[PDB]
Ligand SMILES: [Cl-]
Ligand SMILES: [Cl-]
């Protein structure tokens with residue numbers, strides 16, 4: 001279990017917080033001489049770099065956009081003098097992909113994983129009342145011992161080029177907000193809630209972790225601040241009579257309030276009373292079935308790359324609502340915590356995905372996810388280091404996101420090898436670990452490439468429901484062969500039906516690249532009309548199987564990828580353009596999903 | 001003299017700040033009932049709204065995008081206990097266009113002007129160690145008594161529709177960051193610096209304004225932190241030996257430090273970075289640090305996909321990397337003061353700025369870009385609304401100058417863009433604006449504005465007031481375009497020959513010239529709207545500029561495609577950008593890069 005708290009920062013009497021967002025100093029370190037040359041003390045010749053954002057798309061030259069290797073940030077903040085006697089942490093929403101944090105010259109901690117928060121305890125070096133310095137050494141290379149997976153090519157000048165095993169640009173930097181926070185010396189470290197429904201009434205079971213021994217009181221407030229339940233102890237049950245349940249696209253948020261007393268700490272968070280259970284082939288939310296309708300997405304916008312902005316969230320949610328979606332998948336990595344906060348208010352359902360993408364050794368991975376070629380990926384001697392990373396990223400993800408009502412499943416892989424017992428052994432461990440970290444035991448899943456065929460795949464028995472990525476009519480029998488493609492699709496769904504697994508299937512990826520404004524009569528692959536015809540055919544197949552309980556189309560919006568001959572300025576399978584405007588097919592979803 | 005400080009917020013022991021950026025609560029008020037119905041105490045049915053951002057582009061239906069009238073924002077912040085016995089202010093970078101601030105139920109203050117900071121003293125109503133509430137009524141209508149000017153149509157169902165007299169979309173709301181801050185009870189309110197060059201040495205003349213009577217000392221620190229000058233007094237001269245001047249695209253910044261002292265103690269401390277440099281017009285020449293400068297760059301807009309005018313540092317970083325690749329040294333803040341961060345960063349990068357008050361649309365026309373050369377006068381400055389418009393024009397000027405005057409990057413004030421000037425009612429109007437501006441600026445730096453074609457040499461009455469003359473011309477586009485471009489050139493030269501013959505002996509800058517250019521539209525031979533036509537229009541206008549000794553700058557229109565109100569002459573905004581709205585370059589962007597690499 002973890003040496004820090006994953007809880008979002010708040011500001012009350014006992015807990016303080018100050019934003020470090022703004023313009024930082026930035027400098028590339030291509031010869032990797034920073035540590036030995038005093039950069040922990042300040043950067044020798046930096047530039048200005050916005051935070052949060054991704055560094056790549058600001059520059060005007062290739063070597064800098066495509067930089068791969070070591071690079072540094074530095075900034076300076078004044079701590080209020082009133083934060084003596086408090087524990088003081090730096091909280092980075094993310095450090096992509098790995099980094100060591102230095103503060104006032106001292107190395108505080110290093111982290112691996114570029115999509116989950118990083119906590120640095122600077123209590124012993126922070127100078128309250130004075131100006132303080134923070135310096136972060138970051139690395140954005142890809143390998144097969146960390147997620148997401150890939151490789152690093154050295155070119156003739158010795159400069160490094162990222163060669164990912166995934167299909168999305170390797171944005172990196174400090175992409176999410178950065179805080180400095182003050183906690184009490186005895187503090188709430190973690191807590192977990194589970195829900196039971198008793199007719200109209202409800203139980204909120206909870207457990208609490210603290211950095212101390214003092215008694216804990218837990219209060220639960222309704223939307224208007226009035227009290228509805230109170231229990232003493234670090235373990236308890238809250239009784240909410242005539243409970244107001246969090247519903248799909250109709251949220252109700254209670255407020256939990258955790259206290260440590262003699266009052267030493269207070270933590271407050273919005274939660275939603277709802278239950279998630281798989282009965283047979285159905286997904287039950289509050290004991291009634293739900294059908295998932297929505298999109299795979301990316302944290303991706305012009306200029307900012309993966310940088311968080313609230314304006315992107317607002318628009319992306321006003322578009323999801325306009326299509327009448329109810330659900331999205333945080334593909335292929337946990338998002339910024341603000342996305343889940345807002346999903347909670349709006350009643351969207353989230354499949355939360357750990358970044359286990361790239362577990363097949365292929366640099367053009369999307370044509371290759373149906374080629375039939377096994378890459379011997381889980382037979383290699385780096386696999387134990389990889390497994391340790393994957394489990395640690397699952398643990399940090401679940402701890403961070405488990406108390407959001409919108410999060411209803413965990414996706415623990417996208418398009419890996421599953422056709423050999425080497426991969427069963429691997430994934431069995433991962434699921435085992437995820438089952439222990441989630442106090443609610445909500446459904447665990449992953450998304451399968453076409454190569455994980457019903458006859459050969461070893462891993463679908465680990466899944467509570469099964470997610471399929473399928474491109475019938477695009478990478479398989481596309482264009483004039485599109486009727487062959489429908490058959491082949493039905494052929495496979497027939498074989499899955501024949502297995503009588505009695506579990507739900509969700510299509511988590513299907514789509515066509517579509518250039519906005521390419522019209523052709525008759526339609527051709529890449530036009531707007533072909534996208535509509537494609538979707539109308541996948542819909543017919545989905546609607547032919549009682550156990551298909553969900554469609555998450557790929558993608559919500561055009562996004563940026565590694566450049567290559569099959570990628571025309573990124574990936575054009577969006578239903579919206581990258582500036583968040585709808586292609587002709589968005590209307591297809593809107594109508595179907597009403 | 002203003003009842004508050006325009007000084008950007010800092011965080012030291014004496015001064016603390018807290019950001020309120022985030023999701024605020026938002027609610028439209030089409031019936032205009034919020035105050036009588038208690039919205040000052042919280043909104044009844046809100047939705048969430050990013051701050052900073054313009055609200056318009058988030059929504060999916062026209063009624064909300066095109067909303068005009070009253071609308072309300074609300075949030076809640078915790079004030080640390082330790083801020084008892086401090087003066088506590090809310091500081092909005094901007095409230096667009098007018099608004100009334102409420103804090104814990106109480107009307108604190110009102111403000112008119114959508115593009116400069118709003119300061120609201122909440123010291124008597126703030127509750128430290130408790131959670132506090134802010135609520136703002138905003139109105140984004142346009143009128144003829146405030147800037148920028150327009151009108152307001154009432155549709156048949158009672159809906160208000162904005163009808164601006166300007167060519168940009170009427171984005172509005174809380175478009176810039178918002179802070180709550182704590183100041184000392186005796187604080188630095190204001191300061192001003194002027195400079196004189198003394199060979200290897202330099203003088204920094206200054207003056208400080210405080211809110212009490214304890215004494216001031218002023219320190220000056222070089223770039224590396226070391227003390228290079230010190231002076232007691234609220235008015236002084238700092239003596240910098242072996243000064244590092246601030247130079248175009250080669251910036252050096254000192255830190256100035258202003259203390260209010262209680263003998264051996266410190267009451268207040270303010271620090272800003274500044275840059276020693278001098279600006280002077282000598283004849284037809286624009287002298288920076290005693291050498292001539294040719295202005296090369298762009299008129300810009302605070303504009304970006306989804307965010308509207310919302311401020312983001314990444315828009316800044318990208319926009320400056322593009323300006324550097326272009327080899328520009330200049331830009332004008334058309335047509336309103338920008339977020340302060342823009343100027344802070346121009347100081348680090350050494351760009352020259354022309355700072356523009358929002359005095360645009362002073363001529364009644366709703367399709368006003370076909371009408372800046374039409375020849376039709378609209379009696380704009382004889383209306384009885386004009387004395388009110390003058391007062392808020394001066395008020396915005398004083399507020400812009402007080403805010404921006406200490407940036408090295410700011411070399412001149414633009415006080416109008418394309419107004420009617422062919423009339424003595426207009427001379428009498430602008431004599432007052434300029435007289436006002438002269439007083440608020442401690443550096444008496446150059447004042448100008450930008451003239452439409454309508455303001456001909458023989459008819460214009462306002463160019464005498466200008467230390468240099470900015471022209472917006474579109475010969476080869478709105479006038480005599482496409483096949484007739486040969487004629488557009490002779491017409492252009494004929495106008496310039498008349499300016500020449502006046503022998504005014506002042507510098508002329510071209511602040512607008514451009515062609516709508518659709519990215520990707522290629523024609524051989526070229527046609528108006530093709531990328532090829534943009535390049536040729538430009539090569540033509542450069543030949544004209546270069547024929548006149550007194551032309552000393554060229555700011556092309558626009559850096560980037562930007563959003564306007566819609567209509568038949570506007571294909572999803574304005575397409576005179578040299579870059580796209582997503583900040584990639586059309587073919588005429590290298591025309592600039594090459595010309596400007598090889599100028600000075
Ligand atoms: Cl290059
Ligand atoms: Cl509509």
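Protein chains in written order, with the entry's author numbering: chain A, 1 to 262, 266 to 597; chain B, 1 to 600.
Idealized CB from N, CA, C, for every residue including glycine.
Is residue j closer than 8 Å to residue i when the C-beta atoms are compared?
{"i": "residue 9/B", "j": "residue 565/B", "result": "no"}
{"i": "residue 212/B", "j": "residue 186/B", "result": "yes"}
{"i": "residue 409/A", "j": "residue 347/A", "result": "yes"}
{"i": "residue 136/A", "j": "residue 181/A", "result": "no"}
{"i": "residue 175/A", "j": "residue 292/A", "result": "no"}
{"i": "residue 353/B", "j": "residue 331/B", "result": "yes"}
{"i": "residue 317/B", "j": "residue 58/A", "result": "yes"}
{"i": "residue 281/B", "j": "residue 128/B", "result": "no"}
{"i": "residue 112/A", "j": "residue 444/A", "result": "no"}
{"i": "residue 582/A", "j": "residue 574/A", "result": "no"}
{"i": "residue 160/B", "j": "residue 99/B", "result": "no"}
{"i": "residue 475/B", "j": "residue 459/B", "result": "no"}
{"i": "residue 554/B", "j": "residue 295/B", "result": "yes"}
Please check if any C-beta of chain B sits within less than 8 Å of the C-beta of residue i.
{"i": "residue 307/A", "result": "yes"}
{"i": "residue 263/A", "result": "Since chain A is numbered 262 and then 266, with no step between, residue 263/A has no place in the structure shown."}
{"i": "residue 66/A", "result": "no"}
{"i": "residue 104/A", "result": "no"}
{"i": "residue 275/A", "result": "no"}
{"i": "residue 297/A", "result": "no"}
{"i": "residue 312/A", "result": "yes"}
{"i": "residue 91/A", "result": "no"}
{"i": "residue 187/A", "result": "no"}
{"i": "residue 81/A", "result": "yes"}
{"i": "residue 12/A", "result": "yes"}
With DSSP collapsed to three states, give me the class of residue i.
{"i": "residue 1/A", "result": "coil"}
{"i": "residue 161/A", "result": "strand"}
{"i": "residue 111/B", "result": "strand"}
{"i": "residue 149/B", "result": "coil"}
{"i": "residue 612/B", "result": "Shown here, chain B extends from 1 to 600; a query on residue 612/B therefore has no answer."}
{"i": "residue 237/A", "result": "strand"}
{"i": "residue 326/B", "result": "helix"}
{"i": "residue 516/A", "result": "coil"}
{"i": "residue 331/B", "result": "strand"}
{"i": "residue 402/A", "result": "helix"}
Closer than 7 Å to a non-hydrogen atom of ligand 2 - does that hold for the CB of residue i?
{"i": "residue 61/B", "result": "yes"}
Against chain A, does residue i count as a neighbour if the rule is that its beta carbon must be under 8 Å from one of theirs?
{"i": "residue 325/B", "result": "yes"}
{"i": "residue 158/B", "result": "no"}
{"i": "residue 315/B", "result": "yes"}
{"i": "residue 518/B", "result": "no"}
{"i": "residue 8/B", "result": "no"}
{"i": "residue 350/B", "result": "no"}
{"i": "residue 582/B", "result": "yes"}
{"i": "residue 321/B", "result": "yes"}
{"i": "residue 573/B", "result": "no"}
{"i": "residue 59/B", "result": "yes"}
Using C-beta distances below 6 Å, list every residue in its chain close to residue i, excluding the 5 sequence neighbours before and after it, in chain order.
{"i": "residue 455/A", "result": "421"}
{"i": "residue 336/B", "result": "115, 358"}
{"i": "residue 26/A", "result": "46, 47, 49, 73"}
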